[PDB]
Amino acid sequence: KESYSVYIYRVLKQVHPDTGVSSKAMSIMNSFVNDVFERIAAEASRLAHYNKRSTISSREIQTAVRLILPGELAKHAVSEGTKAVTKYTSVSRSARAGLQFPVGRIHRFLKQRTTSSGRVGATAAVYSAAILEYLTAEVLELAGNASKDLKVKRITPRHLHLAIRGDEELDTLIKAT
């Protein structure tokens, strides 16, 4: 398990500047991000076996996303990933892609969790970072709206449960993983 807490917090402070998040909710968000990333990368490696030179680029990820993200979530994640790869191929790699999530850390988590001799390109890390950042963002807004609905300035695991149940595709994703 890696930790994304700082990136999760930065995304939160974009979409809900006034709103905080508890340790229990942060733990859950870290589980969410890691458990999704491990599915996406498990598909990228197996897809890269069918690639003579074990190469991984934004296509293996754009296909792992469709395999996993239900319906509308996939459409929006793929759109965000392409817009980010565009911003990157044109400061840090993540700022270059216009992202809060870590591009380089994820590039490295992509070599270690996938191919070895082949070549994982930087566009693949950019794409993966945008996918994770988008998913994190949706969950955080939904729960933050919910916590504001209860006149509270702090997302708890209860608000997380509410934001996940009141959206069919997020619900599916969580159960599936």
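Residue numbers here begin at 1 and follow the sequence given.
K.L.:
How many missing residues of the deposited sequence lie between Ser90 and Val91 in the entry, grouped as none, 1 to 3, 4 to 9, or 10 or more?
P.N.:
Count of unmodelled residues in between: 4 to 9.
K.L.:
Where do the C-alpha atoms have the higher mean temperature factor in this entry, in 133-141 or in 54-62?
P.N.:
Looking at the record's C-alpha B-factors, the answer is 54-62.
K.L.:
Identify the stretch, either 8-16 or 164-172, whose C-alpha atoms have the larger mean B-factor according to the entry.
P.N.:
Per the PDB entry, the higher value belongs to 164-172.
K.L.:
Going by the deposited entry, which of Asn34, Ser128, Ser116, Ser27 has the highest CA temperature factor?
P.N.:
Spelled out: the listed residue with the top C-alpha B-factor is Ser116.
K.L.:
For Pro102, does the deposited CA B-factor place it in the lowest, middle or highest third of the chain?
P.N.:
Ranked within chain, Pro102 CA B lands in the lowest tercile.
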